[PDB]
Amino acid sequence: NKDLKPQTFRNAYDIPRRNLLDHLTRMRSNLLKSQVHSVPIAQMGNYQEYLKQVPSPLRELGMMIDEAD
Amino acid sequence: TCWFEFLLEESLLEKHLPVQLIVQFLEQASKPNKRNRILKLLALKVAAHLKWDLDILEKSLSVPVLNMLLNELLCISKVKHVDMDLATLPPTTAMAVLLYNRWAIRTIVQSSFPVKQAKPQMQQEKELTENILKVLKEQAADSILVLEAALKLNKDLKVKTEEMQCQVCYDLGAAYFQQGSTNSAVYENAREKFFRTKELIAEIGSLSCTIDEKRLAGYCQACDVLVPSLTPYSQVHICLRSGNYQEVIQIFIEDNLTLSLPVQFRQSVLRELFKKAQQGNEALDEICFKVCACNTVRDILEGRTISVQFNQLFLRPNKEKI
Amino acid sequence: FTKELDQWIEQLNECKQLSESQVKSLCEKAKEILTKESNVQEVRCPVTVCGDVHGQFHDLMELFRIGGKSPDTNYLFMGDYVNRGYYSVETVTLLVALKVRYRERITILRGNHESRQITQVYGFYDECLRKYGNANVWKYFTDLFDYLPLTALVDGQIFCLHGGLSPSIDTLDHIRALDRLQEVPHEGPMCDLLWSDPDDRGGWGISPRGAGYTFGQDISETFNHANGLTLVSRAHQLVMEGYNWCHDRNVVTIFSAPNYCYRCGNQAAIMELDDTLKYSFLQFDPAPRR
Amino acid sequence: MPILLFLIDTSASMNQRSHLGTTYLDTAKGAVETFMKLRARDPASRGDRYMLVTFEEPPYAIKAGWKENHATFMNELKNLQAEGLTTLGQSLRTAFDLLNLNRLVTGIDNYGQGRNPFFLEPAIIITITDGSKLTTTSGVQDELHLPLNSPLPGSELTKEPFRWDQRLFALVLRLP
Amino acid sequence: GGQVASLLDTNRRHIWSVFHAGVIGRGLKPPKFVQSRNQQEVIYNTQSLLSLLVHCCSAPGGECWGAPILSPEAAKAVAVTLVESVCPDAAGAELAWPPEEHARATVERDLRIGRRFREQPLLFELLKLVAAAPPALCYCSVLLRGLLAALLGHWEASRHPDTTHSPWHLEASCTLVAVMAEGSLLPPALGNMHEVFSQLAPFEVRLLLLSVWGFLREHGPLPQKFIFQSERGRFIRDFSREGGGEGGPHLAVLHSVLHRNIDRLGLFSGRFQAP
Amino acid sequence: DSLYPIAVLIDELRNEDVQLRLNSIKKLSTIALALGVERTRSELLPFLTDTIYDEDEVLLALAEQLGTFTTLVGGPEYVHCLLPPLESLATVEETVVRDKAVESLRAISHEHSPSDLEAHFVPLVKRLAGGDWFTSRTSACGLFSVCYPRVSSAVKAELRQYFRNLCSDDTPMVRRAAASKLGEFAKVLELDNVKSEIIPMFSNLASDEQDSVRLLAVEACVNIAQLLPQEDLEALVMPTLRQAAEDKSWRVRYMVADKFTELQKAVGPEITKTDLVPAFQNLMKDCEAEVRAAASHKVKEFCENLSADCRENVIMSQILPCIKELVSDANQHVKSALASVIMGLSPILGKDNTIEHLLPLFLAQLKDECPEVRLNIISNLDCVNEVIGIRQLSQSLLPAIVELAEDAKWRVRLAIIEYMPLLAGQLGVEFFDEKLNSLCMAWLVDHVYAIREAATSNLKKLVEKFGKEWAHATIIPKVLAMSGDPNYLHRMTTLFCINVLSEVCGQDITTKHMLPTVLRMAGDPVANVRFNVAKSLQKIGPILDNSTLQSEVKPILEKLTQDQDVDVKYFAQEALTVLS
Ligand SMILES: [Mn+2]
Ligand SMILES: [Mn+2]
């Protein structure tokens with residue numbers, strides 16, 4: 001079942017054997033003071049949405065589309 | 001520079017001591033004035049600055065621009081061309097018609113050639129080239145008679161009659177070679193023209209004119225092979241043409257030692273012999289076996305597989321075969 | 001007779017363009033080199049894989065500061081080195097100069113913007129006119145663009161490619177058989193190769209753009225399994241996190257043009273491959289400008 | 001106030017490839033895209049609700065009913081899979097059931113008070129299918145029959161599932 | 001001649017951070033396959049197999065030279081199973097040759113055929129064996145068409161200036177035209193131009209192969225044309241009766257290619273005489 | 001008919017597409033060279049005045065070409081005839097024509113004589129401003145400025161009064177243009193005439209109904225304030241400055257906030273201390289972050305240029321009470337503008353005052369969410385170290401440095417590396433080794449190559465300071481551990497640090513610890529490693545003992561020069577030739 005939300009950092013049973021030591025190092029570091037980037041493609045080039053969730057800067061003084069008009 | 005800076009300059013052509021400039025002049029003068037006549041005069045002057053070398057004008061300037069250029073030249077000096085003749089004419093209007101008809105023959109020959117198709121304005125040029133090539137195909141015979149009659153004339157910036165005859169006779173032989181694909185008897189005239197060109201080039205060795213020596217050598221070799229009127233290739237060819245096959249077998253056995261003939265050539269002549277035995281002539285059966293055996297030894301010495309023809313020929317083996 | 005190339009690389013690193021004859025000699029040398037290259041250019045690890053650059057030269061220098069200088073770090077560029085940027089000429093010239101100088105240490109593929117129509121419309125032509133006064137530099141570069149490889153293959157596993165897949169293509173041998181020396185068509189294999197975009201889809205789909213197709217997970221899964229690939233590295237679309245996995249980690253979209261049209265505020269990334277084919281993505285923000 | 005119900009065939013026979021290299025389902029989805037591209041050209045067509053029905057089982061057959069935004073319709077169309085049988089009759093019954101669901105509560109169908117052309121809920125069902133024979137778990141039905149096992153309340157007053165203002169169109173994809 | 005522990009070491013190589021964010025696939029790719037086989041041994045294995053096939057195909061073994069007639073039924077059997085093995089047909093499998101633009105719709109199948117011919121060199125040997133019986137090569141026309149489309153695609157996509165930089169494709173083009181000539185799918189004039197292929201560039205050899213395609217469209221490699229001449233007991237194709245049996249336009253394009261490269265094709269001009 | 005140069009060539013050349021029009025326009029020099037000077041000076045200029053349908057493509061190029069005409073017109077005497085068509089060209093609605101035309105006209109004033117410009121230039125300004133189109137008046141005020149150094153008083157008065165008329169116009173864009181030309185003109189007019197004419201006009205245009213004219217009055221404030229330094233100034237720029245300080249126009253408050261430093265230096269310290277400090281105080285707490293960020297750049301210069309008599313008193317009484325609100329602001333740009341410059345007050349404020357006051361502000365900005373603020377805080381810590389000493393800096397700010405030594409942003413880490421040799425230059429070997437030497441060694445395995453090469457140089461500086469007796473003890477074995485890593489960029493870092501350290505380590509030291517590791521990498525399967533080894537042997541070649549050179553280095557370079565990759569071949573060959 002895809003998109004079953006693996007809990008690799010919360011469940012050791014999800015860890016593959018071949019990817020065990022490196023994942024162990026990663027989640028060891030992550031537990032200390034020190035998956036992601038798999039967004040759906042539809043909400044991947046949304047710059048209106050991204051800029052809406054970002055602070056404003058200081059104000060000033062053939063084919064069909066290719067993104068960003 | 002540009003067409004305007006060159007139009008006012010009466011010495012710019014005298015300073016650059018070109019074909020791109022010539023096609024720029026023609027392109028500006030492409031539309032129908034005194035500026036047009038001045039541009040044509042400048043283009044003719046700078047074209048004549050190159051001593052009228054069609055071997056450099058043909059490659060760069062396209063067919064319709066060069067057609068316009070020499071048509072303007074004929075309008076400048078002369079006045080069909082076949083019916084007019086008058087080869088005893090003033091020098092300028094002699095070599096002008098000579099160069100124009102040499103160009104006509106040369107572009108017919110060039111148009112017959114296959115060009116590389118462009119994988120990636122063009123339509124107008126294509127239509128114009130097709131139209132002028134069509135009318136040239138209509139009047140190619142007139143040009144052939146004009147150049148042939150001129151080659152028989154040696155009356156005379158005068159140019160040497162030897163070079164002016166060698167260039168044109170080469171063009172005649174090339175034109176005949178173009179038509180030789182259709183009518184094989186035409187090759188005889190091409191042979192004579194090509195031999196005359198080789199003799200004249202060996203005689204004087206002029207430079208301006210300059211001829212591709214390799215092209216002339218290949219032309220002469222082709223004419224020697226085609227019309228008879230030596231290397232083992234031509235020996236096999238004449239032996240096949242004359243119906244003699246024993247010398248083919250002997251030269252093939254010698255070729256197994258020298259490894260001179262192409263393997264493709266040997267396979268093709270073996271196939272031709274098989275086809276002729278296939279058509280009749282029961283006397284060829286041993287000849288087919290003999291050349292098949294010769295090709296088989298050639299193949300094994302070259303490290304290649306034994307053909308199916310050899311294997312089926314050795315069904316029912318016989319003492320003489322072995 | 002290669003010190004002048006190093007001086008050109010140094011000159012271009014200060015955002016100084018080359019002259020018309022310099023660009024001409026560079027393009028002849030690059031055309032001579034790229035003619036040998038196959039459509040699927042096999043690339044040996046280690047290599048750093050970069051996405052769209054799109055004229056942002058200072059962001060390309062930021063990319064070099066992240067991943068290392070060009071002779072020392074093997075680079076792979078998946079198309080779109082021009083348009084939508086103020087310094088398209090400088091960045092494309094630097095990439096071509098590095099390809100000429102270090103032909104084994106840098107690979108440059110062809111993107112959808114490496115075409116005459118797209119460069120004319122979206123402003124590489126206008127930049128060439130502004131910086132040179134004649135379109136002969138643009139003609140030289142666009143004639144050079146036909147020679148770029150369409151795709152790349154890293155150790156026979158990762159399949160770097162600007163756009164996406166095509167319904168007419170099922171195997172890499174079809175891509176190798178393409179006559180890539182031509183304009184990017186409006187239909188067919190090369191067009192969809194440089195224009196296609198993956199999607200949360202079923203089969204194929206007509207693209208929102210006017211060219212290419214859009215394909216779902218089953219398509220890329222079949223493509224990966226048929227061609228013996230693990231991944232289809234990809235660069236055509238805009239990505240906000242710099243990189244984004246697609247299709248159950250069969251396709252990854254790497255974007256290397258931070259703050260894409262100087263307005264998107266997008267983060268960029270480059271994917272490093274090392275001797276064991278272990279991937280690490282370095283996200284980088286745009287370089288500090290005025 | 002038009003309604004555009006799409007009865008997309010999702011039988012596994014829709015996985016046949018055409019010469020374009022795309023399955024019949026891919027061209028079916030593309031034909032829906034082309035249809036809304038052409039329909040949106042008319043500026044009086046702005047107010048228009050699309051529905052989606054497939055050949056799946058009744059809980060999963062409908063994928064965009066009433067009060068479902070156009071984005072959900074698009075997302076559901078893009079992600080269709082051809083994995084069922086050609087239960088065309090059952091899908092037609094559920095398509096007409098979807099359309100005639102609200103007719104009684106709002107009383108557009110005036111029963112015994114005359115038929116009012118001015119009281120209508122316009123809709124057309126476009127069923128994009130192939131010419132392949134109908135299929136059920138039992139076998140090949142070889143003729144379009146509409147099931148009547150679980151009638152909607154009030155279905156006895158019309159005697160036919162399809163209503164006055166509902167029309168059926170078919171796109172039988174025969175691309176070789 | 002055909003073509004073709006963990007965690008302990010990983011712990012030892014570890015440094016307090018993973019550094020790499022993952023491993024693409026199963027790590028490094030293998031060192032690929034390796035081949036080591038004698039060429040002469042391949043030649044004589046092929047010889048034993050082909051001799052067996054010729055024994056099986058021929059009638060059971062008068063003139064003290066000559067050979068038995070290969071059975072066109074036996075060679076037809078070899079041809080149809082060759083077709084089935086290399087490309088299971090029925091996309092385009094009618095004996096009629098389609099237009100040249102149709103080759104752009106079957107390009108995946110043609111590349112499959114081309115790879116099969118490249119990987120298994122004896123497919124050409126069995127092709128020549130099929131060609132030995134004249135009418136049987138017609139039934140293998142799908143393979144000929146597919147290989148021709150693959151070679152045409154290569155020559156169109158070749159940026160090299162000479163055919164010598166494509167050794168296998170040059171040899172395949174030469175062998176393919178020679179096989180059509182031997183099977184009399186081409187007249188002797190058109191079937192002789194595998195001599196010049198090593199001399200030309202890719203675009204003229206592409207043009208000549210397109211002339212092969214055009215001739216085969218115009219005439220058609222069909223078995224009904226092969227009339228049974230009972231003077232010997234084997235089939236004959238005589239193109240002269242079919243009209244334009246020399247192949248007028250195709251001879252014309254070949255002679256134009258010759259005239260272009262007359263500096264080097266002078267000696268070969270005698271292999272393409274229409275009479 | 002068509003042999004005539006000017007019309008027949010130029011019109012039929014301009015009838016083509018755009019790029020040919022630009023080319024043919026650019027060849028208008030050549031048509032002047034070909035003809036004699038008298039013919040062009042008598043004929044060519046009318047057709048420049050005529051056929052005005054050239055579109056915006058060629059007007060700037062035509063204006064530039066008219067500008068470069070200096071000898072082909074006839075000489076300095078006839079060069080005044082380039083005034084009419086260029087002026088008529090200046091009546092084009094787009095902008096770039098006007099400034100390009102006036103730039104061209106100013107250039108050809110070098111050939112102009114007083115009488116010449118009195119006869120034509122001043123009447124040109126007269127008729128130009130009198131035109132019924134705003135473009136003519138904008139070009140009139142633009143061309144106005146270059147007459148004063150050559151004219152006499154009699155027409156200086158005409159220039160001054162016609163400029164006065166140009167201040168009080170009604171259409172807005174001529175007001176903006178004249179307002180722009182005030183500041184450029186303010187630098188050349190006589191001060192008494194400035195008082196008589198410009199100050200009433202400058203004052204009542206500072207109160208103009210259009211915010212743009214107020215903006216450009218603010219622009220001209222400095223050029224009108226750099227002179228007139230008597231009580232005049234006290235009653236000159238005061239009204240407009242106090243009105244613009246807290247003006248409703250946010251843009252005016254912006255552009256004042258970006259210009260206080262030059263104004264404050266131009267009018268003495270004590271005067272600004274007395275008069276504009278309520279304005280400065282309230283500006284820092286303004287409603288919008290725009291003006292707040294604009295003014296926050298000007299802390300260091302405003303404080304440094306102030307009067308030492310009460311510098312600390314005025315700074316702690318006016319700047320710090322609002323700097324507290326600025327630091328805890330919700331806007332990242334305001335804090336970023338603050339952090340770049342407010343830390344330069346550590347010399348000015350003293351040592352004890354810095355430790356008592358500035359350090360909590362520095363720590364608050366070091367914990368800031370926006371990384372730009374953190375980077376700006378780290379920017380100039382050398383001054384803080386110089387005025388505070390290594391002791392208090394290591395006592396207070398060091399854990400913040402440790403936290404930002406492993407920050408998310410690579411630029412912050414790059415900044416931290418730059419001051420590590422500085423701090424280690426004033427710190428003890430033992431404390432530095434236990435605290436930061438491992439931290440310095442943590443940077444050589446960073447993802448970013450800027451960080452890696454950044455702290456390579458740092459290691460060179462450290463070895464240059466400490467010496468081999470410690471580099472051998474600590475730096476070298478952990479580098480050699482990094483030398484065997486599978487990641488080839490770690491091997492790159494090994495080669496780079498070998499290159500940089502060898503220069504400052506020791507010939508025997510290099511030959512007996514650096515050399516065998518380099519000998520190991522010559523067999524690496526990565527061509528990057530091998531050519532970098534060749535380049536490294538080239539770099540460390542003239543450093544180590546010469547006996548081992550041909551004994552050990554030479555055979556591998558004979559092996560590397562036959563490497564399969566052409567890059568390693570080239571680098572090995574170059575190393576072989578230069579080693580000699
Ligand atoms: Mn984009
Ligand atoms: Mn793209």
# chains A, B, ... in the order shown; residues from 1 in each chain; ligands from 1

$ residues_around --residues "residue C:251" --least-positions-apart "6" --cutoff "6 Å" --atoms "only C-alpha atoms" --output "mmCIF file with N, CA and C atoms, in the first residue's frame"
data_model
loop_
_atom_site.group_PDB
_atom_site.id
_atom_site.type_symbol
_atom_site.label_atom_id
_atom_site.label_comp_id
_atom_site.auth_asym_id
_atom_site.auth_seq_id
_atom_site.Cartn_x
_atom_site.Cartn_y
_atom_site.Cartn_z
ATOM 1 N N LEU C 231 16.099 5.246 -11.721
ATOM 2 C CA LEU C 231 15.640 6.604 -11.506
ATOM 3 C C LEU C 231 15.637 7.339 -12.834
ATOM 4 N N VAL C 232 14.760 8.325 -12.943
ATOM 5 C CA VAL C 232 14.700 9.201 -14.105
ATOM 6 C C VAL C 232 14.880 10.608 -13.552
ATOM 7 N N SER C 233 16.121 11.081 -13.558
ATOM 8 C CA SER C 233 16.388 12.438 -13.118
ATOM 9 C C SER C 233 15.830 13.411 -14.140
#

$ residues_near_ligand --ligand "ligand 1" --cutoff "6 Å" --atoms "only C-alpha atoms and all ligand atoms" --output "list in words"
residues 66 and 67 of chain A; 237 and 238 of chain C

$ interface_residues --of "chain A" --to "chain F" --cutoff "10 Å" --atoms "only C-alpha atoms" --output "list in words"
residues 34, 55, 56, 57, 58, 59, 60 and 61 of chain A

$ write_last_selection --atoms "N, CA and C atoms" --output "short mmCIF file (atom, residue, chain, number, x, y, z; two decimals), in the first residue's frame"
data_model
loop_
_atom_site.label_atom_id
_atom_site.label_comp_id
_atom_site.auth_asym_id
_atom_site.auth_seq_id
_atom_site.Cartn_x
_atom_site.Cartn_y
_atom_site.Cartn_z
N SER A 34 20.70 18.17 17.02
CA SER A 34 20.66 18.44 15.59
C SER A 34 19.41 17.85 14.94
N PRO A 55 7.04 36.13 4.07
CA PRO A 55 6.91 37.56 4.37
C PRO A 55 7.15 38.44 3.15
N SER A 56 6.53 39.61 3.18
CA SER A 56 6.68 40.60 2.13
C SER A 56 8.02 41.31 2.25
N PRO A 57 8.61 41.71 1.13
CA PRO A 57 9.83 42.52 1.19
C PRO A 57 9.52 44.00 1.23
N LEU A 58 10.55 44.83 1.32
CA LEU A 58 10.37 46.28 1.30
C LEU A 58 9.87 46.73 -0.07
N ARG A 59 8.95 47.70 -0.06
CA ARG A 59 8.39 48.17 -1.31
C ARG A 59 9.36 49.12 -2.00
N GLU A 60 9.20 49.23 -3.32
CA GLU A 60 10.14 49.92 -4.18
C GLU A 60 10.10 51.43 -3.95
N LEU A 61 11.06 52.12 -4.55
CA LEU A 61 11.11 53.57 -4.51
C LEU A 61 11.10 54.13 -5.93
#

$ residues_around --residues "residue A:54" --least-positions-apart "4" --cutoff "12 Å" --atoms "only C-alpha atoms" --output "PDB file with C-alpha atoms, in the first residue's frame"
ATOM      1  CA  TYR A  47       4.562  30.339  -6.424  1.00  0.00           C
ATOM      2  CA  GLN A  48       1.427  32.271  -5.493  1.00  0.00           C
ATOM      3  CA  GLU A  49       0.852  29.867  -2.588  1.00  0.00           C
ATOM      4  CA  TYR A  50       4.536  29.848  -1.606  1.00  0.00           C
TER       5      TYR A  50
ATOM      6  CA  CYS C 264       9.171  33.053  -7.643  1.00  0.00           C
ATOM      7  CA  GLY C 265      11.286  32.927  -4.480  1.00  0.00           C
ATOM      8  CA  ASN C 266      11.959  29.268  -5.185  1.00  0.00           C
TER       9      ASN C 266
ATOM     10  CA  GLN F 332      13.239  40.834   9.363  1.00  0.00           C
TER      11      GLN F 332
END

$ interface_residues --of "chain C" --to "chain A" --cutoff "7 Å" --atoms "only C-alpha atoms" --output "list in words"
residues 199, 200, 209, 210, 211, 238, 239, 240, 241, 243, 244, 245, 246 and 264 of chain C

$ residues_around --residues "stretch 20-36 of chain B" --least-positions-apart "2" --cutoff "6 Å" --atoms "only C-alpha atoms" --output "tab-separated table (two decimals) with C-alpha atoms, in the first residue's frame"
chain	number	residue	atom	x	y	z
B	18	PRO	CA	33.27	39.40	-51.78
B	38	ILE	CA	25.09	51.15	-60.47
B	39	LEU	CA	24.73	48.07	-58.24
B	43	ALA	CA	28.69	43.50	-59.01
F	2	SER	CA	18.02	57.45	-57.25
F	3	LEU	CA	21.76	58.21	-57.41

$ residues_near_ligand --ligand "ligand 2" --cutoff "7 Å" --atoms "only C-alpha atoms and all ligand atoms" --output "JSON, numbers by chain"
{"C": [52, 80, 111, 112, 113, 162, 163, 195, 235, 236, 237]}

$ atom_distance --atom1 "atom CA of residue F:557" --atom2 "atom CA of residue F:508"
20.7 Å

$ atom_distance --atom1 "atom CA of residue F:31" --atom2 "atom CA of residue F:4"
11.2 Å
